[PDB]
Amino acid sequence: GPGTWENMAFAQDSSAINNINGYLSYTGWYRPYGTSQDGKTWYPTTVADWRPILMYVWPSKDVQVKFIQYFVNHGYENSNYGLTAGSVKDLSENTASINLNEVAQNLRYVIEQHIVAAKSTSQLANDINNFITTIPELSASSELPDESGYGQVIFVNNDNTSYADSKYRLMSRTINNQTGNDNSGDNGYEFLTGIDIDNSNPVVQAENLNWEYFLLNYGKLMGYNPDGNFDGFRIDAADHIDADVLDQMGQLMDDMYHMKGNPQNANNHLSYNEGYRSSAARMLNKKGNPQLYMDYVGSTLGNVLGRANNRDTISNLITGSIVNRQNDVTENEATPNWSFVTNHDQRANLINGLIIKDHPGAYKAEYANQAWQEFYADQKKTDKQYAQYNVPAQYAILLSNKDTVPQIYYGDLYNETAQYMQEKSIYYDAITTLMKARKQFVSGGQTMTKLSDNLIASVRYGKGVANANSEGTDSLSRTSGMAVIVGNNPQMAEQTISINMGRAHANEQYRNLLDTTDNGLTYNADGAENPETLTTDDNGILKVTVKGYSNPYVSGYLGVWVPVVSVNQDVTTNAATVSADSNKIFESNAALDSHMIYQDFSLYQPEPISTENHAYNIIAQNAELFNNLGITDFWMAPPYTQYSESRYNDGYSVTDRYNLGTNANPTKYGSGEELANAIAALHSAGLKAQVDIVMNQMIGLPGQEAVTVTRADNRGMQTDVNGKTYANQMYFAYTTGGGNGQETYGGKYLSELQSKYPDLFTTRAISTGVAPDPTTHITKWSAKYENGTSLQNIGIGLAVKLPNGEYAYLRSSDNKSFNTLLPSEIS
């Protein structure tokens, strides 16, 4: 006949029981053989009838007790089955098992009543979820977030999860710790956020070369616009990945384009690494500079000019950089670098920040519209609280600085939350003015002289003018060069200053390119304290009148001077095709200094309302504008397909490294067809395009996997979150995925790469001593290619452990290791 034996699983395989690599979860569901509402009648289940494992099986009697009470006190009481707040109140872990199981069974009869009554298992599912949050052990809090709600676990080897084992996982082998011989030092840590990819794994390192080759040939390989090919890379999280891959990328690029001897070929394939750590400069220098180093002078800029209060003194613009500009009168000596006033991450750090001020760390609903209104309202004020002061002055410094490839932020030229390029920012005129002036005037040596604690003169001596005493070698010498005068004190007394324009600019006239007034900036001298033109004396000294002002554009002083000319000039230096040093890839000099990068996106860029609004399409339409502005090198957003639930849908939350969008499923930026065209439009204007390559993480991978984990700090060593920790734990992490793109293109070009450039696969990597391995292709990511994950908000108590200490297990398809062990209550 019938009975409670019907609580067994219908069958002990995946078809009737949820599992992940054979293991069961307390959030899992299974198909009993039958259920009952009263005790007497038992209905054989259909394959559509599933119930939560937490109705039948518990981690401990304590939790079994709390499951019964919480359900009774949330509408599953029924006195006719001895279930009232009163009848369950006194139950405890020391209550008899035989008794507790009688109660849980009787609760199970009422649950079945609710299911029929409400015609679904939905309120039940919702109740289970809520119950789990009350149990510290099963809750997401058991994975031990740190004080700021962050943290990560590492994937370690384990006899239960041996399919996820790795011989590699060499963590924090970054920068100057590639060999693992200075773990304690200035190296930059392994973990940032998301599922961390193991870039020490020879197969992964081979997959990166594949990926890079796909992107350097994107349009050709995809049969889109065949000139729609990236020329180089912008390297995300370069301080946070085994530095082997920065070596390897540079090797591939030198193999493909012959960059080492040829400054022309190098400079046509610019690469730049994100990461200001001074140690990175050191590292890149020792290596012959395969990529540009990311300088910190933008932080100096914000601290000296951008703050409302607490403004670091003016002389920090001279020394507050990987390059000292006291008197920089030499070439090929500075660390080849890229610098900026702003990037995507600085805006975010401000916008988040406004988000927690306005709304007390609460339900993070989308009142990022409110944070943005506040930003835009503050951006226009003279007395700003949040936004940056002196934005034009900062770009004046950035754009006149020798030995750097400067980087403009889309967001500083355009209102980044409006549709792409639909709204210019109030700073567009100023910045673009200075950008054009750079092309025409900014070359030669540099001298930054202090004149007070608040006032500086940054002079460039002009093309082919090495220093203050030089005569002039080029025929643009006389009519090029610039003086940038910046005061960071808005109450600075009016006064007269002297500026040495060099011995090659005696009795020369100077245009007042840009000057400060009561209201802002004037481009023709109207409203300022200086005339449209001034002249130098015999020794090349310029008298200028300066004063403190306070308006939305300037808090202090900004003035800029350039030679009078009747013509357009362009002071770029072509790279000659024979490097002063054949050990170098990149060299800091006039040729490299003639480059300028544009960051073409913001995280808060909105979803396009239509195809006409795809950033890719609008870029293709405005390529000549970018060229006019003096931009040579385009940094394009990570173009990869994203996690559906990502906050900003921005490119950094990667589910498919090869799907750059299709016509019906574009990214925020557009389709791959449209990307390839956008790239080709830029090429058509003589620009180059670099892609943002994200080797560090993947996010929103839909496949769960039973892995074994240790709560670890961000370098990869275990850590204690205030007393507590845990190691060698079963965790049901999202680790597996990649999409058709990883399946279709994974490892596909390694044959071609090997035949064309064998050295890639015989050169031994520093961190491993072993060459990249092209003999396995990665067509799907999983835990075995991953160091770990940022805390996934799941919990560490989900894996069902039998009373005897062993994890519950099921022999299934992939699952074919040990013997099937199921709880007493489900078999």
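Quick note: we count residues from 1 along the sequence shown, nothing fancier.
Stretch comparison (771-779 versus 34-42) by mean CA B-factor in the PDB entry places 34-42 on top. As recorded in the PDB entry, 560-568 is the stretch of 485-493 and 560-568 with the greater mean C-alpha temperature factor. If you compare the C-alpha temperature factors of 87, 696, 208, 649 in the entry, 87 comes out highest. Residue set 686, 608, 747, 723: peak C-alpha B-factor at 723 (per PDB entry).
Residue-level temperature factors show residue 375 in the middle third of its chain, judged at the C-alpha atom. Among all modelled residues in this chain, the alpha-carbon of residue 578 has a temperature factor (C-alpha) in the highest third. Looking at the C-alpha B-factors along this chain, the one for residue 471 belongs to the highest third. For residue 763, the recorded CA B-factor ranks within the middle third of the chain. Only modelled residues enter the ranking. Among all modelled residues in its chain, residue 657 ranks in the lowest third by Cα B-factor.
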